[PDB]
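Engineer: Take 110 as the starting number for the sequence shown in the entry's author numbering and just add one per residue.
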Amino acid sequence: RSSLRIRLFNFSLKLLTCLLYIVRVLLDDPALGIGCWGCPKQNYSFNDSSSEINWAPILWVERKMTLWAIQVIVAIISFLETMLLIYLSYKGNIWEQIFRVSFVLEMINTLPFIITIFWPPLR
């Protein structure tokens with residue numbers, strides 16, 4: 110029954126982290142200024158005339174320190190629990206875990222939250 114508790118924890122964690130993403134996107138305004146992090150923060154407007162698409166709003170989203178710190182812990186424990194359960198269940202076959210499309214999405218969603226610690230401007 111402990112494994113059921115672990116699975117429930119995983120599912121509740123995933124739901125809570127997408128809820129934190131939606132609360133992040135709800136409390137943030139683009140008109141204030143968008144930048145990488147810290148000092149460089151500057152405004153953008155979109156015009157239908159020029160077909161050039163300015164990507165700066167896409168890569169960089171304004172985020173407060175508290176929300177980032179909360180999300181990083183969730184992502185770290187998420188990856189740790191997922192790979193702990195993967196190591197718990199080998200079935201005599203470590204392969205084919207890459208092509209199962211459940212770990213690629215997880216890992217791509219999770220590693221950047223740890224990488225952000227390496228580069229403070231990348232938060």
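The beta-carbon is built from N, C-alpha and C at its ideal position, and this holds for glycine as well.
How would you call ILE143, buried or exposed, if buried means at least 16 neighbouring beta carbons within 10 angstroms?
Structural biologist: On the sequence shown, residue 143 is found 34 positions in, with the first residue counted as 1. By the 10 Å Cβ count, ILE143 comes out buried.
Engineer: Check each candidate in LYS173, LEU193, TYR153 and name the one with the smallest Cα separation from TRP164.
Structural biologist: The sequence position of residue 164 within the sequence shown is 55, counting from 1. Comparing Cα-Cα distances from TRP164 to each of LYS173, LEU193, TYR153, the minimum goes to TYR153.
Engineer: For a quick check, are the C-beta atoms of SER187 and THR219 less than 7 Å apart?
Structural biologist: As a working mapping, residue 187 is identified with position 78 in the sequence shown. As a working mapping, residue 219 is identified with position 110 in the sequence shown. Against a cut-off of 7 Å, the Cβ pair of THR219 and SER187 comes out as a contact.
Engineer: Around the Cβ of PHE208, are there at least 16 other Cβ atoms within 10 angstroms (buried) or fewer (exposed)?
Structural biologist: Taking the sequence shown and counting its residues from 1, one reaches residue 208 at position 99. When all chains shown are included, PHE208 counts as exposed.
Engineer: State the Cα-Cα distance for the pair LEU168 and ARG110, rounded to the nearest angstrom.
Structural biologist: Taking the first residue of the sequence shown as position 1, residue 168 is located at position 59. Taking the first residue of the sequence shown as position 1, residue 110 is located at position 1. About 42 Å.
Engineer: Just to confirm before moving on: does the CB-CB distance between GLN206 and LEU129 stay below 7 Å?
Structural biologist: By 1-based counting over the sequence shown, the position of residue 206 is 97. By 1-based counting over the sequence shown, the position of residue 129 is 20. No, the Cβ-Cβ distance between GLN206 and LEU129 is not below 7 Å.
Engineer: Does the distance from the C-beta atom of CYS145 to that of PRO230 stay below 7 Å?
Structural biologist: On the sequence shown, position 36 is the one that residue 145 refers to. On the sequence shown, position 121 is the one that residue 230 refers to. Yes, Cβ-Cβ distance for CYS145 and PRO230 is below 7 Å.
Engineer: Quick check on DSSP: helix, strand or coil for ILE207?
Structural biologist: The residue you call residue 207 lines up with position 98 of the sequence shown. Here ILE207 sits in coil by DSSP.
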